[PDB]
Amino acid sequence: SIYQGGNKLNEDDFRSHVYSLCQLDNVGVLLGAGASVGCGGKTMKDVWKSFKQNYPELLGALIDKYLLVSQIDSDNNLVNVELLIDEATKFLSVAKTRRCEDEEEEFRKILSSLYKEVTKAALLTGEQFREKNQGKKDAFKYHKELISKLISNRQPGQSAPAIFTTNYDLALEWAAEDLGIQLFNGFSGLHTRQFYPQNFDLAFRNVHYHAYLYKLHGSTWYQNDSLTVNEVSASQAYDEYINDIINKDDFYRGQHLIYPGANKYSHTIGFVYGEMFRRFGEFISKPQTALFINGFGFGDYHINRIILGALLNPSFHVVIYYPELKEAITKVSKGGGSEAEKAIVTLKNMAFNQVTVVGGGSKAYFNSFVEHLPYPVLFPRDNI
Amino acid sequence: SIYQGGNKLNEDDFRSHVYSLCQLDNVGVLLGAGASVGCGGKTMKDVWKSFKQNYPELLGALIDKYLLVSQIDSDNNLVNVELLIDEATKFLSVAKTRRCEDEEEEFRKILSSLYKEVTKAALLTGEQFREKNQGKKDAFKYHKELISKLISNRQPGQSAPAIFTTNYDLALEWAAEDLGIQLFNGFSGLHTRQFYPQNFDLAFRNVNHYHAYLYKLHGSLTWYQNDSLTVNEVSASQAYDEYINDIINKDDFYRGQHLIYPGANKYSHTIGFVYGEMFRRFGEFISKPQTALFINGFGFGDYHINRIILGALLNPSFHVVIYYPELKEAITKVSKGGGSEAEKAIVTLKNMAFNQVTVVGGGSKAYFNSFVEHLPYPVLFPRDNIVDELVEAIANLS
Amino acid sequence: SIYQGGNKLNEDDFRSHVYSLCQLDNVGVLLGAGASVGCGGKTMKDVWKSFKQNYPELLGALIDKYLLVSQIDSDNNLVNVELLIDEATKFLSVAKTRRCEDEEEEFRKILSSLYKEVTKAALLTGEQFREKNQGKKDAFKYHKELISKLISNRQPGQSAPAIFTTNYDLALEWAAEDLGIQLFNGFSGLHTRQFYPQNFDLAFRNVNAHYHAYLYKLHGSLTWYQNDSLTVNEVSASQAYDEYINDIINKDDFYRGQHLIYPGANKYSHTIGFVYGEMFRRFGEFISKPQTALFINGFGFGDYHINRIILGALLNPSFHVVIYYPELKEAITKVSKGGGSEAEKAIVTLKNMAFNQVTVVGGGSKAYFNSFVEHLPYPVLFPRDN
Amino acid sequence: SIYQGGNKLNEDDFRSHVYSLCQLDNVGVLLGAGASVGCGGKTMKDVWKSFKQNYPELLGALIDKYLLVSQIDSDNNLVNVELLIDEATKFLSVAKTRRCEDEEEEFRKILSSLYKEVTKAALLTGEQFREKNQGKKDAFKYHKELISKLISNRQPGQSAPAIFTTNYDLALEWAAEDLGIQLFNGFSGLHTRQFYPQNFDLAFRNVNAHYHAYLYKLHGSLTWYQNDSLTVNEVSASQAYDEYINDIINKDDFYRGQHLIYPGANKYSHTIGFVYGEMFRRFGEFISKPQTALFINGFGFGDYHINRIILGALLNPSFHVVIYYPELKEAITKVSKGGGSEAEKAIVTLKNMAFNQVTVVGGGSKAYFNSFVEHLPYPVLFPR
Ligand SMILES: NC(=O)c1ccc[n+]([C@@H]2O[C@@H](COP(=O)([O-])OP(=O)(O)OC[C@H]3O[C@@H](n4cnc5c(N)ncnc54)[C@H](O)[C@H]3O)[C@H](O)[C@H]2O)c1
Ligand SMILES: NC(=O)c1ccc[n+]([C@@H]2O[C@@H](COP(=O)([O-])OP(=O)(O)OC[C@H]3O[C@@H](n4cnc5c(N)ncnc54)[C@H](O)[C@H]3O)[C@H](O)[C@H]2O)c1
Ligand SMILES: NC(=O)c1ccc[n+]([C@@H]2O[C@@H](COP(=O)([O-])OP(=O)(O)OC[C@H]3O[C@@H](n4cnc5c(N)ncnc54)[C@H](O)[C@H]3O)[C@H](O)[C@H]2O)c1
Ligand SMILES: NC(=O)c1ccc[n+]([C@@H]2O[C@@H](COP(=O)([O-])OP(=O)(O)OC[C@H]3O[C@@H](n4cnc5c(N)ncnc54)[C@H](O)[C@H]3O)[C@H](O)[C@H]2O)c1
């Protein structure tokens, strides 16, 4: 179920590709919601579902007094939320310009509920989230495996693999804490954690099991209107700030920075995206590379662009896994497609056999991703 | 006229500093409004005056209906266009959402007026702007030689320099064409030019090469869109022929998402992308080691730049030379409790006890004309014009 | 059906030959004008047919009043307009020295209408020509691929492949745009885009290790027109459709150096300019060199310059030529008794030549341009032991 | 004497400049009919006088009926011989197509007169043309010595000199062949000797360190001919004198059709277009390479295209041109009266140009073969 250069590839060639690939100089992984679904995570679609099923007042006000969606479109489960927050800032700044002190109520209620659904669907474990004994659960059956498999396909004098994802929650950090592996996601210390580029370039020397981490959703990173961000336990941050977001139902000020909103200029100085995409750009600009994606929602405009440039590195055999790939092709054939859907279907249909895309379906899940990677052989020896 | 922390600067120190800079990763120069008078463009003051003198009847909406502006800011011209135009677009979008007709029409006409006034001086040529081979006029002569000095100091194999501009003029294209150099600016192609930001990470090689990275900061006349939000660029002729003239002198004729300037459509990710990416490349450029940054003759009318510089002081390789014609007057004004944001910002910046702070109070000497006049030229340097004579002689043959 | 050096060869051996050639030092293709015929183009014979059908009564009157070309000659489709245009300039210069004013109009009609027809057939699109989003057309599905196989079959320390052709159109920058490929065309700048041979010494590379490709267009181009400024400029083509195409088509003015395209027998008519002087020079620098192979689409071979040099260039073993020629049995039977045209004799010249260095292919559908495109096997990736 | 940049120069500086100019990667010499005036040659004015005297009547038909030239224009001797010949042939083709026998014969007579005038005076050997070993004549001895000066000054391992001629006679080649020197002008063979362009991209090598060079012919030759093959079949002069040239030159009236190739006759067909267009072409390729100098001697700049090429080369900022005019003083005197043609206007304007890149060496006798030979030095090792 692998397509490259407009032609199919066989299982033996797939295995040879994998075996050759594991030993390349550099390897990296990015993934969307191909795994968080099993763990119980919530995506933007679930945010829309909850907003539909819990808020009739604001949704009805939008439907008629603003006319920002139709019933059929909402039923189709395709409405956007990040652009909705952008237009919410538009409306509310217009109100603060002309000072309409009634609309402010509804729009700030919408923002409160929205950012609530954003920063309150990242737990996956209820109020147990702040407790201890987290990584040990077996619900990470395959997750943990991945990290292990990617710290054995190595030889002395090689850099650690780089990892990317779209996870709001901290599932993979939980697996790391379980396995005792030395991850890295920007900060150092316990009492004080401050952003520093230099902290992203730390490597260990045995006198090893480790790996890297980089979240697109980013922020345990709290800013109490102090122009700075710091990190401490989920339990402390819970006892301190988000407790007030439990039984108050008040307005949401942008104290601590999390960025699901598309219009970056809504927060013109957002400074967590830059590092993640600097890392991604560095990862593109190298031969002997590999990127995997599996049911990665092609919904970001800035993620469908660097990849088209990335195709111009041949040994960058960019990989795709998408069980529901029929929708994009069907839309392209008749009536055109969306923006990122068109971008990815254009990525695939580049004459190179380097571009590799998987649309197998039931076999494209995270289970295939974990199982396909084999374990290393220390001494191949002479096989003749 | 030049002071370095109360000290005196001589020719030897300047020559040593220039020589040290010439062997650095990046070398560049910057010019402000004072030195950009000759380019032929117009500032925000001209646009605001023309708007308030050509559509006085619409001053009510900015205050009497939406509070977009005050009177003191308008009285002393303390309004930055980008904010007002952005608010106009916000009101237009909300009017579209709310099916409001009168406000829609008012904002459409206001946008038309501001566009008509702003677009005037961006051509740099006028009626003959559509004509190809625009470099025939001598106005661009000064643009050519200087560019050479920005790259002539680079030895073979050295990293190419960069050029930064404040306004949205397009003199660099014609200057490079006259000199015969190409610049990578996202756009690329012949028929369907599109914006490749990966284009930055490229280089040339010799089988058996100097260039520069071109950045368009505050918009552009040649910028546009094609019915798909995809960013395209085209030579000046088609832009001045098809759509620009209609906008200028077609009365009531405006549309939706077709033009990208100045910082206009940020509520749409597609446009914003361009400015965000250019700023990202700038910000990660200063993160380089052994890099030289220049802030020359700048009024510091922006807020993000100053805060970014303050937060980026961790780099021990920051050197700044700024021209400021009138300093005693501004010091007196701020001391009494007056002054604008720019004056306060520059005064605070200059109050750092460092030996890298240089202040120039030569007045008109800060202008481009005076700077050119003061400089000498080599005897053997080619300054005379011979292409015109050769072309005339060739045409004379029959 | 398939021959190499006067003997018969099988398809598998030809495929092995192609695979072995692909790894040599130099690669490049000479897409015959007929390659663009499928892209909406037309041949010189089609131009003759159009010029006959648009002026039927006038053509008949000219034929029966001066008999430059007999009606039977056109009926059999054995007319060479390439000679006709040189004939026309000859006649009209003779008259202009004779000053006959009445005769100074029919030849104007013939020449200007021929130029209009050539340019119109070279547009390839028509009214939609100026509309953008070209590359999305499915027709280029092969042409597109043709330019992606010349960057994957190369490694560090190798030259930049170049593309020869005999086409009016610009259908190489179209794929370039559609795939972001830099097919260096020898031009610099955009606002005033002028050709410069010095641009034939630039190649792309990856700083942290990029792709590139060259361009060699023999048959001029529509965009290449000069106003007696002895210069050629490259501005867009949609920009053109309103500029001069309709204008000249709907102005009815005397002909001049309207745009630099060459229908006519005299190739050195360009005795004043340089274009003609910078599209063979490197051709000769190419075909004669160690580890070289000039690809061709095989039909006709009806020139006095390129083929003349091509045959004589074979004196060194490294050069190889692979061509297709289905017309083997019929042509052999016709030429066995009697003689043939210059082109037919030139092409059958190599039948007597037994050099394995030359190749010929046939078999009808097996000898199409699609076979040429598919005969560019993918570069070795993840090699293993079989 | 010598004027560079509008100022005179001394002998020492000129000698130093000439000595330093010998660092060229490739060396070539350009010649023509200008240098043959002082050795007893004939000019175009003599040719026109001979034509008018032999067959004056013809001058009428072309001059008045066909308007091939004005009466005063003809009297001024401003008709290009090859162009008039070619357009007479074009008239003949017109007559063949449209069957106007009167003009056909009236033009056959004119063409026969033209070839009787040019071919008869071009053999330059009389009855010795049919003889062999024509290189033993002492009349060319001086010329032979000049060749030594061009080859004796080149160190071993350097490129041998090249010879360019603007006329279309083999007298210089006959003189040079007496020394057993080999020249590559794209010809080879004995019994069917032909014209081959690949010779321009091939050369010999020495394994015991002898003489080689390239010759270029532009305006035709005394031999170049044809026989129903569209080729260039060069053979020994005696074959030609015994085959068809005998029947043409001295006979009362005789002319054949598509048989002759000179002095640029049938440019209305491809046959010669490839020849000339591939012999002057390489001359341009000589100036393509950077840092190469060209010398002009015995050439009157009789073609506007040559001035066009010179000016186009001058457009680049790294090109230098040296101009030799045998009759500069006469040209200045003639144009001082307000007359002169387009070529005279162009050359006078170029001379008046005040640039340091213009060098003029013209004093009448100083531009002749004898003065040119005397000015040049002799080899130091040559016995004296
Ligand atoms: N922190 C930053 O600076 C930054 C910068 C850019 C983008 N982002 C975030 O990065 C972008 C990531 O895109 P996302 O929101 O779609 O990621 P997500 O994991 O939160 O959501 C899953 C996405 O994948 C699609 N999908 C559906 N089924 C799937 C499956 N079985 N497997 C995988 N995907 C499936 C969904 O349509 C889509 O929601 C978000 O738009 C945005 O929240 C963050
Ligand atoms: N990619 C980017 O760099 C980027 C990012 C965000 C916005 N923008 C653009 O920025 C938005 C608006 O920016 P702007 O026009 O307000 O900035 P600006 O052009 O006004 O900043 C420079 C100005 O300062 C003035 N000035 C006053 N005193 C001066 C002095 N003493 N010396 C020099 N100059 C002096 C000058 O007239 C003028 O050059 C546009 O909407 C948008 O196009 C660009
Ligand atoms: N300035 C320069 O660079 C320069 C120099 C020399 C010549 N030229 C020009 O170059 C010469 C090009 O010759 P031409 O264009 O007349 O050749 P052509 O188009 O007449 O011949 C090509 C051949 O391809 C055959 N064919 C039929 N079907 C085909 C198919 N499917 N694929 C491929 N071929 C098929 C056709 O029978 C035959 O026309 C012109 O004579 C001349 O105008 C230009
Ligand atoms: N170089 C090319 O590529 C090319 C191509 C086509 C035609 N041609 C023409 O082909 C040749 C045939 O024409 P041609 O019959 O006149 O032969 P040619 O070489 O003798 O032409 C030069 C003419 O200049 C005249 N002249 C006047 N003043 C002179 C002076 N001071 N010194 C020397 N000559 C002086 C000569 O009488 C005469 O020789 C011409 O030389 C040349 O114009 C050249």
# chains A, B, ... in the order shown; residues from 1 in each chain; ligands from 1
$ residues_around --residues "residue 301 of chain B" --least-positions-apart "2" --cutoff "9 Å" --atoms "only C-alpha atoms" --output "PyMOL selection string"
chain B and resi 298-299+303+341-342+345
$ select_by_dssp --residues "segment 311-370 of chain B" --states "strand (DSSP E)" --output "list in words"
residues 322, 323, 359 and 360 of chain B
$ closest_atom_pairs --of "chain A" --to "chain C" --cutoff "8 Å" --atoms "only C-alpha atoms" --output "JSON lines"
{"residue": "A:16", "atom": "CA", "partner": "C:382", "partner_atom": "CA", "distance": 7.4}
{"residue": "A:17", "atom": "CA", "partner": "C:382", "partner_atom": "CA", "distance": 7.0}
{"residue": "A:20", "atom": "CA", "partner": "C:382", "partner_atom": "CA", "distance": 6.9}
{"residue": "A:285", "atom": "CA", "partner": "C:208", "partner_atom": "CA", "distance": 6.6}
{"residue": "A:286", "atom": "CA", "partner": "C:208", "partner_atom": "CA", "distance": 6.1}
{"residue": "A:287", "atom": "CA", "partner": "C:209", "partner_atom": "CA", "distance": 6.4}
{"residue": "A:312", "atom": "CA", "partner": "C:210", "partner_atom": "CA", "distance": 6.9}
{"residue": "A:313", "atom": "CA", "partner": "C:210", "partner_atom": "CA", "distance": 6.9}
{"residue": "A:314", "atom": "CA", "partner": "C:152", "partner_atom": "CA", "distance": 7.8}
{"residue": "A:350", "atom": "CA", "partner": "C:179", "partner_atom": "CA", "distance": 7.8}
{"residue": "A:351", "atom": "CA", "partner": "C:145", "partner_atom": "CA", "distance": 5.9}
{"residue": "A:352", "atom": "CA", "partner": "C:148", "partner_atom": "CA", "distance": 7.1}
$ write_last_selection --atoms "N, CA and C atoms" --output "mmCIF file, in the first residue's frame"
data_model
loop_
_atom_site.group_PDB
_atom_site.id
_atom_site.type_symbol
_atom_site.label_atom_id
_atom_site.label_comp_id
_atom_site.auth_asym_id
_atom_site.auth_seq_id
_atom_site.Cartn_x
_atom_site.Cartn_y
_atom_site.Cartn_z
ATOM 1 N N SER A 16 13.559 -3.917 2.767
ATOM 2 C CA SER A 16 14.893 -3.427 2.433
ATOM 3 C C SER A 16 14.999 -1.929 2.688
ATOM 4 N N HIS A 17 13.962 -1.177 2.320
ATOM 5 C CA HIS A 17 13.924 0.250 2.613
ATOM 6 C C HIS A 17 14.081 0.490 4.107
ATOM 7 N N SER A 20 17.766 -0.558 5.351
ATOM 8 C CA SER A 20 18.708 0.477 4.946
ATOM 9 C C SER A 20 18.480 1.754 5.739
ATOM 10 N N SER A 285 16.826 19.908 5.878
ATOM 11 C CA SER A 285 18.024 20.253 5.112
ATOM 12 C C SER A 285 19.167 19.277 5.404
ATOM 13 N N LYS A 286 18.963 18.031 4.990
ATOM 14 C CA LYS A 286 19.985 17.001 5.125
ATOM 15 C C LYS A 286 19.623 15.777 4.291
ATOM 16 N N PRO A 287 20.576 15.166 3.593
ATOM 17 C CA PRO A 287 20.327 13.860 2.980
ATOM 18 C C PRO A 287 20.355 12.774 4.049
ATOM 19 N N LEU A 312 12.623 18.051 -2.546
ATOM 20 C CA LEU A 312 13.791 18.312 -3.375
ATOM 21 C C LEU A 312 15.081 17.800 -2.748
ATOM 22 N N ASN A 313 14.996 17.129 -1.600
ATOM 23 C CA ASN A 313 16.088 16.316 -1.089
ATOM 24 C C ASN A 313 15.727 14.861 -1.352
ATOM 25 N N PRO A 314 16.425 14.154 -2.248
ATOM 26 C CA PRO A 314 15.907 12.858 -2.707
ATOM 27 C C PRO A 314 15.875 11.795 -1.620
ATOM 28 N N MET A 350 4.622 13.805 -7.318
ATOM 29 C CA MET A 350 5.876 14.291 -7.870
ATOM 30 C C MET A 350 6.623 13.094 -8.441
ATOM 31 N N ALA A 351 7.139 13.245 -9.664
ATOM 32 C CA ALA A 351 7.642 12.102 -10.420
ATOM 33 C C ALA A 351 8.660 11.273 -9.649
ATOM 34 N N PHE A 352 9.222 11.808 -8.570
ATOM 35 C CA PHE A 352 10.233 11.075 -7.822
ATOM 36 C C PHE A 352 9.646 9.808 -7.212
#
$ select_by_dssp --residues "segment 182-353 of chain C" --states "helix (DSSP H, G or I)" --output "MDAnalysis selection string"
chainID C and resid 197:200 238:249 275:278 281:287 306:315 329:336 342:352
$ residues_around --residues "segment 225-237 of chain C" --least-positions-apart "5" --cutoff "7 Å" --atoms "only C-alpha atoms" --output "list in words"
residues 190 and 191 of chain B; 130, 192, 193, 194, 195, 257, 258, 259, 260 and 273 of chain C
$ write_last_selection --atoms "N, CA, C and O atoms" --output "PDB file, in the first residue's frame"
ATOM      1  N   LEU B 190       8.909  31.963 -14.688  1.00  0.00           N
ATOM      2  CA  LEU B 190       8.728  32.896 -15.794  1.00  0.00           C
ATOM      3  C   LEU B 190       7.267  33.290 -15.971  1.00  0.00           C
ATOM      4  O   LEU B 190       6.938  34.478 -15.926  1.00  0.00           O
ATOM      5  N   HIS B 191       6.376  32.320 -16.176  1.00  0.00           N
ATOM      6  CA  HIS B 191       4.951  32.607 -16.300  1.00  0.00           C
ATOM      7  C   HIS B 191       4.274  32.683 -14.935  1.00  0.00           C
ATOM      8  O   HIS B 191       3.755  33.735 -14.548  1.00  0.00           O
TER       9      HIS B 191
ATOM     10  N   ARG C 130      -3.257  32.902 -22.594  1.00  0.00           N
ATOM     11  CA  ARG C 130      -2.831  33.842 -21.564  1.00  0.00           C
ATOM     12  C   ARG C 130      -3.213  33.386 -20.162  1.00  0.00           C
ATOM     13  O   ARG C 130      -2.636  33.878 -19.187  1.00  0.00           O
ATOM     14  N   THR C 192      13.745  43.124 -17.142  1.00  0.00           N
ATOM     15  CA  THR C 192      14.303  43.082 -18.495  1.00  0.00           C
ATOM     16  C   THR C 192      15.154  41.817 -18.554  1.00  0.00           C
ATOM     17  O   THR C 192      16.313  41.816 -18.130  1.00  0.00           O
ATOM     18  N   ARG C 193      14.572  40.744 -19.082  1.00  0.00           N
ATOM     19  CA  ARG C 193      15.193  39.424 -19.067  1.00  0.00           C
ATOM     20  C   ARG C 193      15.896  39.196 -20.400  1.00  0.00           C
ATOM     21  O   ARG C 193      15.241  38.998 -21.427  1.00  0.00           O
ATOM     22  N   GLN C 194      17.228  39.208 -20.382  1.00  0.00           N
ATOM     23  CA  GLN C 194      18.031  39.094 -21.591  1.00  0.00           C
ATOM     24  C   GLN C 194      18.909  37.851 -21.532  1.00  0.00           C
ATOM     25  O   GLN C 194      19.400  37.464 -20.467  1.00  0.00           O
ATOM     26  N   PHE C 195      19.103  37.232 -22.694  1.00  0.00           N
ATOM     27  CA  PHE C 195      19.909  36.026 -22.798  1.00  0.00           C
ATOM     28  C   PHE C 195      21.393  36.355 -22.684  1.00  0.00           C
ATOM     29  O   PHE C 195      21.858  37.404 -23.139  1.00  0.00           O
ATOM     30  N   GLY C 257      11.402  42.268 -38.823  1.00  0.00           N
ATOM     31  CA  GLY C 257      11.874  41.279 -37.874  1.00  0.00           C
ATOM     32  C   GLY C 257      10.864  41.092 -36.760  1.00  0.00           C
ATOM     33  O   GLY C 257      11.163  41.335 -35.587  1.00  0.00           O
ATOM     34  N   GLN C 258       9.656  40.663 -37.134  1.00  0.00           N
ATOM     35  CA  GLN C 258       8.529  40.629 -36.206  1.00  0.00           C
ATOM     36  C   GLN C 258       8.894  39.891 -34.923  1.00  0.00           C
ATOM     37  O   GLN C 258       8.865  40.466 -33.830  1.00  0.00           O
ATOM     38  N   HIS C 259       9.234  38.609 -35.039  1.00  0.00           N
ATOM     39  CA  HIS C 259       9.803  37.872 -33.921  1.00  0.00           C
ATOM     40  C   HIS C 259      10.714  36.786 -34.475  1.00  0.00           C
ATOM     41  O   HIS C 259      10.439  36.219 -35.535  1.00  0.00           O
ATOM     42  N   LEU C 260      11.792  36.504 -33.746  1.00  0.00           N
ATOM     43  CA  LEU C 260      12.900  35.699 -34.258  1.00  0.00           C
ATOM     44  C   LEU C 260      12.496  34.230 -34.271  1.00  0.00           C
ATOM     45  O   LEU C 260      12.720  33.486 -33.315  1.00  0.00           O
ATOM     46  N   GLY C 273      22.882  38.620 -36.459  1.00  0.00           N
ATOM     47  CA  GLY C 273      22.690  38.367 -35.052  1.00  0.00           C
ATOM     48  C   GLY C 273      23.620  37.302 -34.500  1.00  0.00           C
ATOM     49  O   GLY C 273      24.595  36.888 -35.131  1.00  0.00           O
TER      50      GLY C 273
END
$ interface_residues --of "chain C" --to "chain D" --cutoff "7 Å" --atoms "only C-alpha atoms" --output "PyMOL selection string"
chain C and resi 66+68+90+94+97-98+265-266+268+272+305+309+312-313
$ residues_around --residues "residue 106 of chain B" --least-positions-apart "4" --cutoff "12 Å" --atoms "only C-alpha atoms" --output "MDAnalysis selection string"
chainID B and resid 55 57:62 65 88:89 91:92 95 100:102 110:113 252
$ decode --residues "segment 307-321 of chain B" --atoms "N, CA and C atoms" --output "CSV table (one decimal), in the first residue's frame"
chain,number,residue,atom,x,y,z
B,307,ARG,N,12.2,45.7,21.4
B,307,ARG,CA,12.0,44.7,22.4
B,307,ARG,C,12.8,43.4,22.0
B,308,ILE,N,12.8,43.0,20.8
B,308,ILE,CA,13.6,41.9,20.3
B,308,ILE,C,15.1,42.1,20.5
B,309,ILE,N,15.5,43.3,20.2
B,309,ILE,CA,16.9,43.7,20.4
B,309,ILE,C,17.3,43.6,21.9
B,310,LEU,N,16.4,44.2,22.7
B,310,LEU,CA,16.7,44.1,24.2
B,310,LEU,C,16.8,42.7,24.7
B,311,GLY,N,15.9,41.8,24.3
B,311,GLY,CA,15.9,40.5,24.7
B,311,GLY,C,16.9,39.6,24.0
B,312,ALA,N,17.6,40.1,23.0
B,312,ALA,CA,18.6,39.4,22.2
B,312,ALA,C,20.0,39.9,22.6
B,313,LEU,N,20.2,40.6,23.7
B,313,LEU,CA,21.5,41.1,24.1
B,313,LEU,C,22.4,40.0,24.5
B,314,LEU,N,22.0,38.8,24.6
B,314,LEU,CA,22.8,37.7,25.1
B,314,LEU,C,24.0,37.5,24.1
B,315,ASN,N,23.9,37.9,22.9
B,315,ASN,CA,25.0,37.9,21.9
B,315,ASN,C,26.0,38.9,22.2
B,316,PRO,N,27.2,38.6,22.5
B,316,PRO,CA,28.3,39.6,22.8
B,316,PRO,C,28.8,40.3,21.6
B,317,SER,N,28.2,40.1,20.4
B,317,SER,CA,28.7,40.7,19.1
B,317,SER,C,27.8,41.7,18.5
B,318,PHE,N,27.2,42.6,19.3
B,318,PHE,CA,26.2,43.6,18.8
B,318,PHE,C,26.9,44.9,18.8
B,319,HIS,N,26.9,45.5,17.6
B,319,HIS,CA,27.5,46.9,17.4
B,319,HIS,C,26.5,47.7,16.6
B,320,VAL,N,26.3,48.9,17.1
B,320,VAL,CA,25.3,49.8,16.5
B,320,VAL,C,25.8,51.2,16.3
B,321,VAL,N,25.6,51.8,15.2
B,321,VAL,CA,25.9,53.2,14.9
B,321,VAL,C,24.7,53.8,14.3
